[PDB]
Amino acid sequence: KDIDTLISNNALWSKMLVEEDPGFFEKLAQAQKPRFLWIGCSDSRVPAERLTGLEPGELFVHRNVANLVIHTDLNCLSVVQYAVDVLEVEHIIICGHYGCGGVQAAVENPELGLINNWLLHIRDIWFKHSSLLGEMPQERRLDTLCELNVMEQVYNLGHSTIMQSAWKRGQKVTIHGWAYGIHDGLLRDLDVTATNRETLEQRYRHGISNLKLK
């Protein structure tokens, strides 16, 4: 496709719904705040809406290379703060995916340019868990790192002043760490689910151990 093609597809697409199912735009026209914040990868192999079967506007979304939650990235932190303190989302999902180009670039470490800086946050994880990854079959390491990464980001998110404050105020917010593959688009729960400053630390330590023992 080319630009004129997308514009044509939209023109036709819109013309239908506006005559066929006008109700579609009526539902969107409703000021219904999203209940979920989806933090995923720019690769966007399978759109979050399609993966979860959710209607348009039910998901507040943020995407960056390799779905990271860097302690000091004000882009993601701002998305999170608006979602939590203003939209008051009930759930936050950090979703990674096996085969992610970002994660792979972090390991193979080619000289890609500017992006390698952002990817060093993933290499820190690669090293941090060098014992767990080394005690594994080579062709399983990238998929494992992919899970470790999501788990580390969930942890980072829980430690952010935004979440600590939300939880201290007693606000009900739950963060999840998910992952999926393009061979079945089936979501796998990495069970690092946190609902407060306590369950966050335990579920994290437990999430990691599981992989370390299984």
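Superpose the two forms; the largest set of C-alphas matching within 1.5 Å is the rigid core. In this text, residue numbers run from 1 along the sequence as written.
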Between 27 to 35 and 40 to 48, where do the CA atoms move more in 5 other deposited structures of this protein, taking the root mean square over the structures and residues after a core fit? 27 to 35
Using RMS Cα distance over all structures and residues, flag whichever of 127 to 135 and 75 to 83 lies farther from this form in 5 other deposited structures of this protein after a core fit. 127 to 135
On average, are the C-alpha B-factors higher in 18 to 26 or in 190 to 198? 18 to 26
When the C-alpha temperature factors are averaged for each of 116 to 124 and 136 to 144, which stretch ends up with the higher value in the entry? 136 to 144
Looking only at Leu59, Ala31, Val65, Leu157, the Cα with the top B-factor belongs to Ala31
Could you place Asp73 in the lowest, middle or highest third of its chain by Cα temperature factor, using the values in the record? lowest
Determine, from the deposited record, the chain-internal third of the Cα B-factor for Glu152: lowest, middle or highest. lowest
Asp43 - which third its CA temperature factor falls in, relative to the rest of the chain: lowest
Which third of the chain holds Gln81 when residues are ordered by C-alpha B factor: lowest, middle or highest? lowest
